[PDB]
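These notes concern the structure reproduced below.
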Amino acid sequence: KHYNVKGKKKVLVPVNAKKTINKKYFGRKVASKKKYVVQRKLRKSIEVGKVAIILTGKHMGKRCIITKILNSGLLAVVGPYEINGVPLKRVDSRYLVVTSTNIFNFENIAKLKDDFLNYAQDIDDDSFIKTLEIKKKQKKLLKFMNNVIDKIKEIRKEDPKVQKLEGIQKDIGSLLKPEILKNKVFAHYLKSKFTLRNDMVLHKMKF
Amino acid sequence: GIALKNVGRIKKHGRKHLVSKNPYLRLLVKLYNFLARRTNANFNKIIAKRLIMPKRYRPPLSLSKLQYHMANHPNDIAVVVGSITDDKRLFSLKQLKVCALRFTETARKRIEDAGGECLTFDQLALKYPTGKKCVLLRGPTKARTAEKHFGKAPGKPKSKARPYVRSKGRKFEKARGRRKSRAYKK
Amino acid sequence: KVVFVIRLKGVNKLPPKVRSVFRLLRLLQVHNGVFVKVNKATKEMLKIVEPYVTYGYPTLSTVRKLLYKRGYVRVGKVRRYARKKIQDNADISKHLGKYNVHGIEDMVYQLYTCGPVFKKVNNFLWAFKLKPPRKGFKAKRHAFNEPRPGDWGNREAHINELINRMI
Amino acid sequence: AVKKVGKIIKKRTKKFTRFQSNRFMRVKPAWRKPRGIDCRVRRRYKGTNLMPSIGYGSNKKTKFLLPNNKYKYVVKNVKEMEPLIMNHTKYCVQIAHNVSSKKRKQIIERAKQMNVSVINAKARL
RNA sequence: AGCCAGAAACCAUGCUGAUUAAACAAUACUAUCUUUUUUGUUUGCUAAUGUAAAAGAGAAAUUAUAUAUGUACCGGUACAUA
RNA sequence: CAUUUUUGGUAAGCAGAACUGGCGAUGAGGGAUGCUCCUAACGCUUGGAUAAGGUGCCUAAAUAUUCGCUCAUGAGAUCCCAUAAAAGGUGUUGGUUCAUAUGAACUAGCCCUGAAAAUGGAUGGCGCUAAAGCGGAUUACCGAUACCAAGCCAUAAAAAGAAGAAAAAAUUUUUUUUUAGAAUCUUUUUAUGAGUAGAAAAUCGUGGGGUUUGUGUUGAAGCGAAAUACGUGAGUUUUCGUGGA
RNA sequence: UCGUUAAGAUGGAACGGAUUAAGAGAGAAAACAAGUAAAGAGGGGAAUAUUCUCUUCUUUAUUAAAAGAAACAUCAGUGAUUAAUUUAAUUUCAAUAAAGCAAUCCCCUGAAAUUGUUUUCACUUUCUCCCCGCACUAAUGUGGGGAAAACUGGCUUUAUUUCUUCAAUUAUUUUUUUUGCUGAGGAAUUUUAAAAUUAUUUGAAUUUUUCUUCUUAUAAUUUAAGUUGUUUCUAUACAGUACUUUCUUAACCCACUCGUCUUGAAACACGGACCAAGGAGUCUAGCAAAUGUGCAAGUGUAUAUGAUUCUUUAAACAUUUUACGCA
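Heads up: the sequence lines are chains C, R, G and X, in that order. The first sequence begins at 1 in the working numbering and counts up one residue at a time. The second sequence begins at 208 in the working numbering and counts up one residue at a time. The third sequence begins at 394 in the working numbering and counts up one residue at a time. The fourth sequence begins at 561 in the working numbering and counts up one residue at a time.
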């Protein structure tokens, strides 16, 4: 569903209302006057086939391949775990640098696109959202040092949503590993971290 | 910056609310302000404005004067935003209908005896909402004795201002500077 | 026929006649703009304040843009106006209903080529409070016609280019 | 600078200082308006004892409200707490400095029952 | 444009000071002392922390400027080289 | 006191006037520095874009672009404003007029000479010559308590006013929040905000009094140190310590 | 004013202002967790000494939830940016590839015989040729003197514009790339009505349309009708090194002794070593206006009398049917 004012064609999503305020005289009221929020949209080059740099977290500067835009403006990404150790991660556009390089411009891999899409198709935004009960169990351990790290990983490992996601991640890896690997230079490139040496001029380069 | 007369703050003049601390008078200004604000009638606003006025401005009114004013329409009700005072010059009175702030004791007795009607402002409001068939009156205002010392200064040509004196006999302010004989005349 | 006049100069140190003319002209605060009906009388008054004002001829696009984007209008009771940004028609459909020139477009039409209902419509708008120019002036010190950098007086056509920078 | 917290903006902190109280002992620290034929401070010289003035004032819909989010009320007797049951969500009691410990305890206890905040809670125990 | 001789003047030389440089070198002799590893620096005292500058903080010809540099012969000549 | 008009006086930061603006009583930005010059007049803030003025470094912006001129063995460099003339120059640069690609004569730009003073020494300083000099033109930029947008405050005016359920949480039924009508008052709107001499209003505090309803020996007043305290502010409030009515 | 200890500072003044910092103290009243259950300790209220019911403190554990701050995203408002765009208008152009035209010729531009207009001769190249100077030049060429041509330039035609052009400036318009800052308010009957947009529905119009217009009806929505959402974190905390905040030094930038008389004071003007307490527009008389208050052609009850008035009370109360003041 959409509104098309001045030819823009913005596209509407049903969004909840959650903030309440004490109102002018008597009771309280919901803040929102609206119900439909405009959909996010993206940087022009972002699509399934691209390899991208992860810029923020612990895995920073790894080169991971984009998978599914997960409806809500958040995307999924994998630099196949069995090649490169990057898991099935959800990440935002503005923490991820998408390159011009596309996985499906390699012709052995270009046959395998639909299958990659089906494996991707099953996972969704709701699979990544952490469950409150699990968090509470984890918190309830806190109140020696090795045990804490071990326990936390054990609790995370137990989770069904993690297990389900992990199964998919392994399946994608299983599909891809030899085919990516065989093109040796490309394999090394994927494995190797992004960097920013004294040679580079960030603004100047056509990244 | 900008340039405006009194830097853009408007200056209204005269009263802003009543000074009087009297509860009854406070009640009356509240009532008439309410009538003024709700109705568009000019009667209500003027009554409200006049009601606020200080003590010198609302004068006492003589009965005789009131009769002279009511004479050409004696069916109707005089309202007077002051006190009405009695008169011994007035021989008789032809049953007037008067709203006033305050009645001198003798006047009320006379008006009542004549078969007339003495209204307080609350009563006037209740009976008549917009001043319908009413006549607003007020007495001699400038005629107060104090004002005769005002205006173009005493002893500046022709001007009729009263001086101020200890007493008005022949040795007090009646020689040099008030006649041809002794220096300049008045 | 019309002339948009922009003031150029501070409150301080102003000759007394010039101050009086400014008050009639209706440009008080220092970057204020107003439309003025060209005549003989208006032009002479304008001549007196000349070294202190730029002015010129609008063109249709300039009027339309200025009226929408920076027009304010006098809302309240007689000589106690209060300043409201135009925003919608019911304001002007009140005051200019009698003169049959209500509608904001209709106000553009009356102003741009001087219509019969000019005095009210000009009066009714609040004076334009303008923002400074993006690439600045050149010199409030001199006339536009002085061959130096300079700005004061008649700029005829070029007033629009200046207005577009400083809208 | 401005000291925002949530719904509470207060514009100014650092309590205004009587000029010259830095460098003479006799000059009292709490404010005074300088008069003076010519003196810096009245004349608003750059960077010197900036004069208070009304426009600094707190917003009129939040004028006196403590970070408690409830108006402070001083209490020296349990009878005086009879109104404030009906405003327990919006006024908070402070127990008056004079009040002796036996009485003070009683006031704290009544307040707790009544579900109203007590700010100087631990006082004199 | 290029130059020269030329004054009790100027600056050295000379001479005085140099905790005027919060300046500095050499040398004689001397007080656990030195190195590596580990853990730590989360009664006035008796364990103990600071950075005006870490994130690849990369780069020894040398000489001109209306020409330079090597190399080979004997600043000259020839040939390369920026 | 400044421009302009102006009388006396050799002149004077001198004496006396005229018109206007200032300054006085007025900050702020610029003029290096300054009572008067320029810009611009000031509630408290946030962002924007400028003026006056700058943009080699001190110093925020250009070692900008573009065409000229200028070497100084005491260059020159910013209104007011912080000196310089008559007279010279086969210095260089343009002109203009004459004569037979040179001799004449003039002319005005920079430059030079004319150009001497006392503590050491002042383009504001360092410095600057393919200028950071002088004369332009071209852009771009930096740059205020001024300007625009927005918030907040007070002031001024204006609109305008003398009775009912809203939401959320639980598990359709229970719970939680609020539920306004004080007229010198409440809601809202828009404009506006310099100040000595001066005037006013609104507050605030001290000794005592009537009236009211309270704190005191499980410690009053006072005092010392304070406090996530409140107020624009005078102040008010409170904690701990002292204190003994 | 001075001592002790501790902490800090320390290059010819000291403090200061505006803004942060690093220390050092303080603190939980907003700065997480209502209830529910288990079982201890208390307190109450009601029903007709014991049933019911409301509670506060403790404990165990056990689910809420909200709140602020982040981060990104969506709007709206205000900006900055870098790309653009419509049909006009204004002496624009330029190739393209086939033809042609004139030779100091041509588009132009020079110099000459109440302003038009025409005519004279003047103006191009050259990597061409010739002659003298024969290498004479700064010159991979040349000084002088002659010719030549139309390659080059200029014009006329005919097609052609993505080979390459299609400008520039106004005019009227229409977008777009990044992006900075802002979010007051909170609508018991103007947070509606209308606008806009969507899916339908009816009739016209005309630029004739996958953003065509209007208007006929119905639903919805936001571009209307001032910011909302998701996820973290603080935190499964109880005050900690986090967080608030005082003080403390710093650091950038600024900043002259107050009072004072004065045209003009930071002054080489005067008064001020320091501190504490005291310390200066009052009271009466008579007059005035202002304003308040009572009465009103009157007004004031004077002196004084009178009272079961006699702590207060040295006040209050009272005044047989033209005293005096002012009016």
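C-beta: ideal position from N, C-alpha, C; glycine also.
Through-space distance from residue j to residue i, alpha-carbon basis
i              : j              : result
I645 (chain X) : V653 (chain X) : 11 Å
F511 (chain G) : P542 (chain G) : 35 Å
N229 (chain R) : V236 (chain R) : 11 Å
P643 (chain X) : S290 (chain R) : 46 Å
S677 (chain X) : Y651 (chain X) : 8 Å
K430 (chain G) : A248 (chain R) : 41 Å
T313 (chain R) : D294 (chain R) : 9 Å
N108 (chain C) : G85 (chain C)  : 22 Å
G469 (chain G) : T56 (chain C)  : 57 Å
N16 (chain C)  : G73 (chain C)  : 16 Å
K491 (chain G) : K33 (chain C)  : 38 Å
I441 (chain G) : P408 (chain G) : 11 Å
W519 (chain G) : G615 (chain X) : 27 Å
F328 (chain R) : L303 (chain R) : 16 Å
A382 (chain R) : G221 (chain R) : 42 Å
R664 (chain X) : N647 (chain X) : 21 Å
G61 (chain C)  : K204 (chain C) : 20 Å
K575 (chain X) : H224 (chain R) : 38 Å
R351 (chain R) : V287 (chain R) : 18 Å
The beta strand (DSSP E) enclosing residue i, as first and last residue numbers
i                     : result
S290 (chain R)        : 284–292
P160 (chain C)        : Note, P160 (chain C): premise wrong, no beta strand (DSSP E); alpha helix (DSSP H) at 160–182.
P589 (chain X)        : Here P589 (chain X) belongs to no beta strand (DSSP E), and DSSP marks it neither H nor E.
residue 167 (chain R) : Chain R is shown only over 208 to 393; residue 167 (chain R) falls outside these bounds and no answer can be derived.
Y25 (chain C)         : Neither: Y25 (chain C) is in no beta strand (DSSP E) and is coded neither H nor E.
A76 (chain C)         : 75–78
Under 9 Å from the C-beta of residue i: neighbouring residues of chain G
i              : result
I209 (chain R) : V404, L421, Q422, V423, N425
Terminal residues of the alpha helix (DSSP H) in which residue i lies
i              : result
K392 (chain R) : Counting along the chain, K392 (chain R) falls outside any alpha helix (DSSP H), and DSSP gives it neither H nor E.
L518 (chain G) : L518 (chain G) -> no alpha helix (DSSP H), and no H or E assigned at all.
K567 (chain X) : Unbroken run through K567 (chain X): none, as it is neither H nor E.
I54 (chain C)  : Element bounds for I54 (chain C): not the alpha helix (DSSP H) but the beta strand (DSSP E), 50–54.
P409 (chain G) : 409–418
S454 (chain G) : 453–463
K365 (chain R) : Unbroken run through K365 (chain R): none, as it is neither H nor E.
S271 (chain R) : 270–277
Legend entry - Cβ contact (3+ pairs, closer than 8 Å) linking the stretch 438–455 of chain G and the stretch 472–490 of chain G: no
Legend entry - Contact between the stretch 208–223 of chain R and the stretch 405–421 of chain G (3+ Cβ pairs under 8 Å): yes
Legend entry - Three CB pairs or more closer than 8 Å across the stretch 74–93 of chain C and the stretch 21–28 of chain C: no
Legend entry - Contact between the stretch 333–341 of chain R and the stretch 242–259 of chain R (3+ Cβ pairs under 8 Å): yes
Inset, instruction - Give, in chain order, every unbroken run of the alpha helix (DSSP H) that is at least 4 residues long and sits entirely within the stretch 469–530 of chain G. - result: 483–488, 497–505, 512–517
Legend entry - Segment contact flag, the stretch 151–169 of chain C with the stretch 114–128 of chain C, C-beta cutoff 8 Å, min 3 pairs: yes
Inset, instruction - Output the residue ranges of the beta strand (DSSP E) runs that lie fully inside the stretch 638–667 of chain X and measure 3 residues or longer, sorted by chain position. - result: 651–655
Inset, instruction - Report yes or no: do the stretch 604–623 of chain X and the stretch 660–671 of chain X share at least 3 C-beta pairs separated by less than 8 Å? - result: no
Inset, instruction - Mind the definition here: the stretch 342–355 of chain R touches the stretch 257–272 of chain R only if three or more C-beta pairs lie below 8 Å; say whether that holds. - result: yes
Inset, instruction - Could you name each continuous beta strand (DSSP E) segment of 3 residues or more that falls completely within the stretch 305–354 of chain R, going from the start of the chain to the end? - result: 324–326, 341–344
Legend entry - Cβ pair count under 8 Å reaching 3, the stretch 544–558 of chain G against the stretch 529–536 of chain G: yes
Inset, instruction - State whether the stretch 42–50 of chain C contacts the stretch 97–104 of chain C, with contact taken as three or more CB pairs (one from each stretch) at a distance under 8 Å. - result: yes
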